[PDB]
């Protein structure tokens, strides 16, 4: 009954996958923990199985990774970049089958599965350039005969815990940057995307092996809360990068702080689009639709709140309704499909509960709101009007395609309503007004980590630092100087002179 044993899924074996897969890699493959089966969310059929990490596997792997670091940190950063360049090429060679696996096991449409691998590929090439650039300034000392230099050095072992919904690119953004910065990595992906984690690790492991480097430089320990909690408490994990829910990330952040470790937290979002009276509606309507229903509403950057100026609210809602009806639903890997399943049946339950709560709280479902009657975890993309902007359910991140629509009149109030929630990931205004745009970008504007104009809430690219504020946790990935989170700064004074310190009346020899 496993999909991997059916001839039409034989392409899975191009990624090195089998009926039962080892979920631990440290140079050798293994796994003594519980065996997990992952399921295709489009049809609820089992794909294949992964043997997860026991405690003993975790111990063995952390030790091997930290021994590997002694070799890896001695490799000049540009030569570490060459390894990352080869990882990029190795991903390129498997981009179609890896993207297909992302679609099969996670459930996003094929163009987004492929696009996720391409993002990892492109971050590799960015990191190759960074590998010749990272460092700090040489500064003019106030002391004669002294140099003053800012050095940056790897922190050591970077633990990377990732979420189900970007099962390739979040790891990749952390991996590429941590690697060129001289760190070794230990990955614990989401249990429901274990095959993706194994497949990516097979690709990287071959590059490391072909370059005669210890594979534990990019270690893997598949598991769930058990392994993740161990990483959060483990003093040997010098930096823990955690992408996931605010609820879990809060506890991870506390555990890392308890041991004076470093954490990089990429947590929940509740992202608003604001359409002012002067907005180009032919831009607003498709922008809101694709940002709200993309990935079936399961992006951290998904648009979940849409504020529309009262003068245009009804027209925008009507136009969105007509466009929602045209969304093409199907298997996520099938041609021209725009909309696939939610990742789990529990996500369907949370969807239904939020729709019910919105209705009981005075909202009107103007489109969608129901489960779809087909195999897998499909729900209708949903638009809710009439709720108060401070309704409890509107302030909650429900990881599903529910778009709460609100009216506003004035700029100051709607900026405050963007900022009033606990999350702080992405935000967008649609307007032509020059002053409003720079106020939005200013100290009295959006409080989010991503602050966009005339592009919706998923508007981000690898050249910038990606992340959020407030309960989104404060970490950054990929661009700008995000690399500094993966290294330790030292401020270094070098006395190269023959000068002696003042004796201060003491008779020294």
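Residue numbers count along the first chain shown, from 1.
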> Once you work out the mean C-alpha B-factor for both 392-400 and 265-273 from the entry, which is higher?
Replying inline: 392-400
> Going by the B-factors listed in the PDB entry, is the mean over the C-alpha atoms higher for 345-353 or for 421-429?
Replying inline: 345-353
> When you compare the CA B-factors of 154, 330, 159, 172 as listed in the entry, which one comes out on top?
Replying inline: 330
> For the listed residues 79, 322, 250, 202, which one has the largest C-alpha B-factor as given in the deposited model?
Replying inline: 322
>> Using only modelled residues of the chain, where does the Cα B factor of residue 70 rank: lowest third, middle third or highest third?
In response: lowest
> Hey, what third does residue 32 fall into on Cα B-factor, ranked over its chain?
Replying inline: middle
> Lowest, middle or highest third of the chain for the C-alpha temperature factor of residue 450?
Replying inline: lowest
> C-alpha B factor of residue 43, ranked within the chain: lowest, middle or highest third?
Replying inline: highest
> Among the chain's modelled residues, which third holds the C-alpha B-factor of residue 15?
Replying inline: middle
